[PDB]
Every structure is written in structure tokens, then in C-alpha cells.
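Listing of target.json, JSON, C-alpha atoms
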```json
[["chain", "number", "residue", "atom", "x", "y", "z"],
["A", 24, "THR", "CA", 58.68, 176.02, 93.41],
["A", 25, "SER", "CA", 59.08, 172.36, 94.52],
["A", 26, "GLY", "CA", 55.90, 171.29, 92.72],
["A", 27, "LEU", "CA", 58.10, 171.82, 89.66],
["A", 28, "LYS", "CA", 60.66, 169.13, 90.47],
["A", 29, "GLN", "CA", 57.73, 166.87, 91.40],
["A", 30, "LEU", "CA", 56.09, 167.18, 87.98],
["A", 31, "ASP", "CA", 59.54, 167.02, 86.35],
["A", 32, "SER", "CA", 60.34, 163.77, 88.08],
["A", 33, "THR", "CA", 56.99, 162.07, 87.28],
["A", 34, "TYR", "CA", 57.41, 162.98, 83.65],
["A", 35, "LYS", "CA", 60.97, 161.60, 83.40],
["A", 36, "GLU", "CA", 60.03, 158.31, 85.10],
["A", 37, "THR", "CA", 56.92, 157.54, 83.11],
["A", 38, "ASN", "CA", 58.53, 158.73, 79.88],
["A", 39, "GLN", "CA", 61.30, 156.21, 80.45],
["A", 40, "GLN", "CA", 58.67, 153.48, 80.92],
["A", 41, "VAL", "CA", 56.85, 154.38, 77.71],
["A", 42, "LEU", "CA", 60.11, 154.20, 75.76],
["A", 43, "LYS", "CA", 60.61, 150.76, 77.30],
["A", 44, "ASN", "CA", 57.24, 149.37, 76.31],
["A", 45, "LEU", "CA", 57.21, 151.05, 72.96],
["A", 46, "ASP", "CA", 57.85, 147.85, 71.01],
["A", 47, "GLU", "CA", 55.17, 146.17, 73.11],
["A", 48, "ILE", "CA", 52.42, 148.87, 72.79],
["A", 49, "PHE", "CA", 52.80, 148.98, 69.02],
["A", 50, "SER", "CA", 53.06, 145.20, 68.50],
["A", 51, "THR", "CA", 53.24, 143.53, 65.07],
["A", 59, "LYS", "CA", 48.29, 138.40, 56.44],
["A", 60, "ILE", "CA", 46.89, 140.02, 53.26],
["A", 61, "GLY", "CA", 45.84, 143.45, 54.57],
["A", 62, "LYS", "CA", 49.14, 143.92, 56.41],
["A", 63, "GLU", "CA", 50.08, 147.34, 55.08],
["A", 64, "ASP", "CA", 48.19, 148.17, 58.25],
["A", 65, "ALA", "CA", 51.19, 146.73, 60.11],
["A", 66, "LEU", "CA", 53.27, 149.28, 58.21],
["A", 67, "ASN", "CA", 51.07, 152.14, 59.46],
["A", 68, "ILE", "CA", 51.60, 150.74, 62.95],
["A", 69, "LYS", "CA", 55.38, 150.70, 62.62],
["A", 70, "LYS", "CA", 55.05, 154.14, 61.02],
["A", 71, "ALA", "CA", 53.18, 155.55, 64.03],
["A", 72, "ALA", "CA", 55.69, 153.95, 66.39],
["A", 73, "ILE", "CA", 58.60, 155.68, 64.67],
["A", 74, "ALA", "CA", 56.74, 159.00, 64.56],
["A", 75, "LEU", "CA", 55.93, 158.86, 68.27],
["A", 76, "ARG", "CA", 59.55, 158.20, 69.27],
["A", 77, "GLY", "CA", 60.44, 161.42, 67.48],
["A", 78, "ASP", "CA", 57.65, 163.41, 69.06],
["A", 79, "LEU", "CA", 58.52, 162.16, 72.55],
["A", 80, "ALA", "CA", 62.21, 162.87, 72.03],
["A", 81, "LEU", "CA", 61.71, 166.42, 70.80],
["A", 82, "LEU", "CA", 59.45, 167.05, 73.79],
["A", 83, "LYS", "CA", 62.09, 165.83, 76.24],
["A", 84, "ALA", "CA", 64.74, 167.86, 74.44],
["A", 85, "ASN", "CA", 62.61, 170.97, 74.86],
["A", 86, "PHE", "CA", 62.10, 170.49, 78.63],
["A", 87, "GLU", "CA", 65.80, 169.76, 79.18],
["A", 88, "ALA", "CA", 66.88, 172.86, 77.30],
["A", 89, "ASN", "CA", 64.51, 174.80, 79.55],
["A", 90, "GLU", "CA", 65.75, 173.20, 82.82],
["A", 91, "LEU", "CA", 69.18, 174.29, 81.60],
["A", 92, "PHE", "CA", 68.29, 177.90, 80.96],
["A", 93, "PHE", "CA", 66.52, 178.07, 84.34],
["A", 94, "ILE", "CA", 69.64, 177.07, 86.27],
["A", 95, "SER", "CA", 71.66, 179.78, 84.63],
["A", 96, "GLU", "CA", 68.88, 182.38, 84.55],
["A", 97, "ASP", "CA", 68.16, 181.95, 88.27],
["A", 98, "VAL", "CA", 71.77, 182.91, 89.08],
["A", 99, "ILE", "CA", 71.33, 186.24, 87.25],
["A", 100, "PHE", "CA", 68.36, 187.04, 89.52],
["A", 101, "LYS", "CA", 70.50, 186.31, 92.57],
["A", 102, "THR", "CA", 73.26, 188.58, 91.28],
["A", 103, "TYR", "CA", 73.08, 191.55, 88.93],
["A", 104, "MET", "CA", 69.32, 191.49, 88.31],
["A", 105, "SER", "CA", 68.47, 191.19, 92.00],
["A", 106, "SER", "CA", 68.50, 194.90, 92.80],
["A", 107, "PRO", "CA", 68.92, 198.22, 90.97],
["A", 108, "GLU", "CA", 71.99, 198.84, 93.21],
["A", 109, "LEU", "CA", 73.70, 195.75, 91.77],
["A", 110, "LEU", "CA", 72.57, 196.33, 88.19],
["A", 111, "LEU", "CA", 73.95, 199.86, 88.36],
["A", 112, "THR", "CA", 77.23, 198.37, 89.55],
["A", 113, "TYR", "CA", 77.18, 195.69, 86.86],
["A", 114, "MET", "CA", 76.53, 198.33, 84.21],
["A", 115, "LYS", "CA", 79.52, 200.49, 85.28],
["A", 116, "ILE", "CA", 81.96, 197.55, 85.06],
["A", 117, "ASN", "CA", 80.16, 196.28, 81.92],
["A", 118, "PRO", "CA", 79.15, 199.28, 79.80],
["A", 119, "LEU", "CA", 77.55, 198.98, 76.35],
["A", 120, "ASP", "CA", 79.41, 199.71, 73.06],
["A", 121, "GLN", "CA", 80.08, 203.34, 72.13],
["A", 122, "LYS", "CA", 77.65, 203.32, 69.21],
["A", 123, "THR", "CA", 74.58, 202.14, 71.16],
["A", 124, "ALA", "CA", 75.55, 204.11, 74.27],
["A", 125, "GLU", "CA", 75.54, 207.21, 72.02],
["A", 126, "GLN", "CA", 72.49, 206.54, 69.83],
["A", 127, "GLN", "CA", 70.42, 205.75, 72.89],
["A", 128, "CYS", "CA", 72.39, 206.95, 75.92],
["A", 129, "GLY", "CA", 74.07, 210.27, 75.12],
["A", 130, "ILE", "CA", 73.28, 212.24, 78.25],
["A", 131, "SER", "CA", 75.78, 214.35, 80.25],
["A", 132, "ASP", "CA", 75.52, 212.92, 83.78],
["A", 133, "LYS", "CA", 77.63, 209.76, 83.98],
["A", 134, "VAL", "CA", 75.20, 208.26, 86.52],
["A", 135, "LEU", "CA", 72.23, 208.96, 84.31],
["A", 136, "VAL", "CA", 74.08, 206.97, 81.66],
["A", 137, "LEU", "CA", 74.25, 204.04, 84.08],
["A", 138, "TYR", "CA", 70.49, 204.19, 84.63],
["A", 139, "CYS", "CA", 69.81, 204.38, 80.94],
["A", 140, "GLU", "CA", 72.25, 201.56, 80.05],
["A", 141, "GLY", "CA", 70.60, 199.66, 82.89],
["A", 142, "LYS", "CA", 67.05, 199.93, 81.50],
["A", 143, "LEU", "CA", 68.37, 198.93, 78.12],
["A", 144, "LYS", "CA", 69.93, 195.83, 79.68],
["A", 145, "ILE", "CA", 66.64, 194.87, 81.30],
["A", 146, "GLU", "CA", 64.86, 195.40, 77.95],
["A", 147, "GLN", "CA", 67.35, 193.14, 76.20],
["A", 148, "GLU", "CA", 66.86, 190.45, 78.83],
["A", 149, "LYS", "CA", 63.07, 190.62, 78.45],
["A", 150, "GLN", "CA", 63.40, 190.16, 74.67],
["A", 151, "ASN", "CA", 65.66, 187.12, 75.23],
["A", 152, "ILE", "CA", 63.20, 185.58, 77.65],
["A", 153, "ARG", "CA", 60.15, 186.07, 75.46],
["A", 154, "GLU", "CA", 61.97, 184.61, 72.47],
["A", 155, "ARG", "CA", 62.79, 181.55, 74.55],
["A", 156, "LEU", "CA", 59.24, 181.15, 75.70],
["A", 157, "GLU", "CA", 58.11, 181.53, 72.05],
["A", 158, "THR", "CA", 60.57, 178.89, 70.87],
["A", 159, "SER", "CA", 59.47, 176.60, 73.69],
["A", 160, "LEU", "CA", 55.83, 177.10, 72.78],
["A", 161, "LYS", "CA", 56.35, 176.38, 69.11],
["A", 162, "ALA", "CA", 58.44, 173.29, 69.84],
["A", 163, "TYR", "CA", 55.87, 172.00, 72.25],
["A", 164, "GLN", "CA", 52.85, 172.69, 70.02],
["A", 165, "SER", "CA", 54.37, 170.98, 67.03],
["A", 166, "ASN", "CA", 54.97, 167.79, 69.00],
["A", 167, "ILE", "CA", 52.34, 167.37, 71.66],
["A", 168, "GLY", "CA", 49.69, 166.33, 69.13],
["A", 169, "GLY", "CA", 51.75, 163.37, 67.91],
["A", 170, "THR", "CA", 51.54, 162.05, 71.44],
["A", 171, "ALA", "CA", 47.95, 160.99, 70.83],
["A", 172, "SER", "CA", 49.12, 157.82, 69.03],
["A", 173, "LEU", "CA", 49.49, 156.30, 72.49],
["A", 174, "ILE", "CA", 45.72, 156.22, 73.05],
["A", 175, "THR", "CA", 44.87, 154.31, 69.86],
["A", 176, "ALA", "CA", 47.88, 152.01, 70.23],
["A", 177, "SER", "CA", 46.99, 150.82, 73.75],
["A", 178, "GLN", "CA", 45.33, 147.39, 73.71],
["A", 179, "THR", "CA", 43.31, 147.65, 76.96],
["A", 180, "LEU", "CA", 41.04, 150.50, 77.96],
["A", 181, "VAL", "CA", 42.86, 150.29, 81.29],
["A", 182, "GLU", "CA", 46.19, 150.86, 79.50],
["A", 183, "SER", "CA", 45.00, 153.76, 77.35],
["A", 184, "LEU", "CA", 43.88, 155.53, 80.55],
["A", 185, "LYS", "CA", 47.40, 155.06, 81.86],
["A", 186, "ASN", "CA", 48.73, 156.66, 78.69],
["A", 187, "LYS", "CA", 46.17, 159.45, 78.98],
["A", 188, "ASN", "CA", 47.44, 160.20, 82.47],
["A", 189, "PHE", "CA", 51.02, 160.15, 81.13],
["A", 190, "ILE", "CA", 50.22, 162.77, 78.54],
["A", 191, "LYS", "CA", 48.52, 164.91, 81.19],
["A", 192, "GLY", "CA", 51.86, 164.92, 83.00],
["A", 193, "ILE", "CA", 53.57, 166.27, 79.91],
["A", 194, "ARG", "CA", 51.06, 169.12, 79.78],
["A", 195, "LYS", "CA", 51.24, 169.89, 83.49],
["A", 196, "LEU", "CA", 55.01, 170.16, 83.30],
["A", 197, "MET", "CA", 54.81, 172.32, 80.22],
["A", 198, "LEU", "CA", 52.34, 174.66, 81.83],
["A", 199, "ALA", "CA", 54.71, 174.90, 84.76],
["A", 200, "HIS", "CA", 57.61, 175.82, 82.46],
["A", 201, "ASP", "CA", 55.46, 178.55, 80.85],
["A", 202, "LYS", "CA", 54.95, 180.02, 84.30],
["A", 203, "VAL", "CA", 58.68, 180.17, 85.02],
["A", 204, "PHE", "CA", 59.22, 182.10, 81.80],
["A", 205, "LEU", "CA", 56.34, 184.48, 82.54],
["A", 206, "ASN", "CA", 57.65, 184.98, 86.03],
["A", 207, "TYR", "CA", 61.12, 185.94, 84.84],
["A", 208, "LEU", "CA", 59.43, 188.51, 82.64],
["A", 209, "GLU", "CA", 57.51, 189.73, 85.68],
["A", 210, "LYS", "CA", 60.66, 190.05, 87.86],
["A", 211, "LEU", "CA", 62.46, 192.07, 85.20],
["A", 212, "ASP", "CA", 59.47, 194.37, 84.85],
["A", 213, "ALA", "CA", 59.41, 194.97, 88.60],
["A", 214, "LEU", "CA", 63.17, 195.52, 88.50],
["A", 215, "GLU", "CA", 62.71, 198.20, 85.87],
["A", 216, "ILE", "CA", 60.35, 199.99, 88.22],
["A", 217, "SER", "CA", 62.72, 199.72, 91.17],
["A", 218, "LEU", "CA", 65.38, 201.16, 88.90],
["A", 219, "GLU", "CA", 63.19, 204.19, 88.20],
["A", 220, "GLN", "CA", 62.29, 204.64, 91.87],
["A", 221, "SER", "CA", 66.06, 204.62, 92.27],
["A", 222, "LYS", "CA", 66.57, 207.14, 89.42],
["A", 223, "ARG", "CA", 63.89, 209.27, 91.01],
["A", 224, "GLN", "CA", 65.68, 209.49, 94.37],
["A", 225, "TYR", "CA", 68.98, 210.22, 92.63],
["A", 226, "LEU", "CA", 67.36, 213.29, 91.12],
["A", 227, "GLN", "CA", 65.83, 214.53, 94.35],
["A", 228, "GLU", "CA", 69.22, 214.06, 96.02],
["A", 229, "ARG", "CA", 70.95, 215.84, 93.13],
["A", 230, "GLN", "CA", 68.92, 219.03, 93.77],
["A", 231, "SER", "CA", 70.49, 219.90, 97.14],
["A", 232, "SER", "CA", 73.83, 221.05, 95.72]]
```
Structure translated into C-alpha cells:
Amino acid sequence: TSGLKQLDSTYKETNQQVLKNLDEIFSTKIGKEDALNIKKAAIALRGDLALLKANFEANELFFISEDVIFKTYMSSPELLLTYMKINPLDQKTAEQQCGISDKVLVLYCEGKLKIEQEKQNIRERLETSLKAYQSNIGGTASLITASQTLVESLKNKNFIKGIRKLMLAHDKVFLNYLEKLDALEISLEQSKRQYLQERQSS
């Protein structure tokens, strides 16, 4: 989806601007431990913003490499079956879980197992992303209080909305990988099914 790179881009741009005006937004004689709190919030918000960007960028990185997998060995049962022949699982696991006589049925079984593994990896990533986001998005609120004009705080509000739109979009990419792998697992069984109808002709 190209709406992704759009959201991505708007985030990056306006995040750069906020980091630029950070000294200005939080700007600094007897009750001036309040100025400490201000410099405290400033420091905290840098950290929150940075951990958020770090999370997105780790995700953009996984997507590039994950997408290739869905163009290659996870693109069809035919290709996964091939991958699995060349790249079989260790003898322990292929015995505990895949000790069946037909050598082709072992490909199908090692295949399903591979899809399962991939699903687990993807959900863990989505979970890590979620946790990292949730623990940092709240700190972003400092921006509203710290803005001096109402006009400026509504700019910051709209900035934060970008963060959330982009994050929602990332969640959807994860969920969609999980969907593709589930559909693949079905195709693989439709494939296993035909193999068994074709096997009963000999």
C-alpha cells in the first residue's frame, strides 16, 4: 500500500521539525523548580520520541526482508515444498513431529511446521511493536501542555495523530502477513489433498 509511505513520510518530516523546535517549545525567580520540571519533561519527551522512531524503523526493516519471503518461498505451496526439500529440518524435530513413511508427506509436514514457525515469529514481532509503542505514546502528550499558543498545540495534536495513523498502518501489515501465511497453509493442504488423490491411481 502507497498510503503507507505517505503516512511514513509525513511522520518523518514533522518529527524532524519537532526535534528542531524542542528547545523553543519547552523554553526556560523564586518558584523556579518549575523550570526544572519543564527541562525534565523536555528530556523525557526526547526519549519517548526517539524510542517511537526506533520502533517504526525496525519495522520498516523487517517489512523489506519479510516481503521478499512472500515473493519467494512463501508465495506458493509449490515453492515452499521445494524450499523444504533443499532446506529440511533437523533429524530430532523431523522425527518427533514428522516421522511418516512417504518422503513427500514429510515435505508437506515440514512445510506446515515452517509456516507455523513463521506465524509465531510474526506475532512476537507485532507484540514487541505493540508493547514498545504503548509504553511511549503516552509520553508524547507533553507536547500539548508545552505549546504556548492554542494554535500551536493543535499543530502538535495533529502531529501525534500522524504517529498513531502510522502505527495503526504497521499493525495492519503484521496482521496481513499472518493472514497470508494462514491462507498459504490452506493452499498447502489443498495441495496435499490432490497429492493423495493422485497417489491412489497406482
*Pick from A:63, A:90, A:46, A:140, whichever lies nearest to residue 112 in chain A using only C-alpha atoms*: A:140
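The two atoms in question, CA of residue 162 in chain A and CA of residue 73 in chain A, are spaced 18.4 Å apart.
With all atoms listed in the file as the basis for measurement, A:207 is the residue among A:207, A:177, A:131, A:49 that approaches residue 150 in chain A most closely.
Proximity to residue 200 in chain A was assessed for A:188, A:232, A:102, A:89 counting all atoms listed in the file; the smallest distance is recorded for A:89.
The interatomic distance for the pair CA of residue 42 in chain A and CA of residue 194 in chain A works out to 17.9 Å.
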_Rounded to one decimal, what separation in Å do you get between CA of residue 50 in chain A and CA of residue 85 in chain A?_
28.2 Å
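Distances to residue 48 in chain A were evaluated for A:95, A:75, A:101, A:216 using all atoms listed in the file, and the minimum falls at A:75.
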*Which one of A:171, A:41, A:128, A:136 sits closest to residue 114 in chain A if you count only C-alpha atoms?*
A:136
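Using all atoms listed in the file, the smallest distance between any of A:205, A:130, A:104, A:79 and residue 37 in chain A comes from A:79.
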*Write out as an MDAnalysis selection string each polymer residue whose atoms come within 9 Å of residue 31 in chain A, counting all atoms listed in the file; drop sequence neighbours fewer than 6 positions from it.*
chainID A and resid 86 192:193 196
Take the residues from that selection and write them out as a short mmCIF file (atom, residue, chain, number, x, y, z; two decimals), in the coordinates of the input, keeping C-alpha atoms.
```
data_model
loop_
_atom_site.label_atom_id
_atom_site.label_comp_id
_atom_site.auth_asym_id
_atom_site.auth_seq_id
_atom_site.Cartn_x
_atom_site.Cartn_y
_atom_site.Cartn_z
CA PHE A 86 62.10 170.49 78.63
CA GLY A 192 51.86 164.92 83.00
CA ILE A 193 53.57 166.27 79.91
CA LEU A 196 55.01 170.16 83.30
#
```
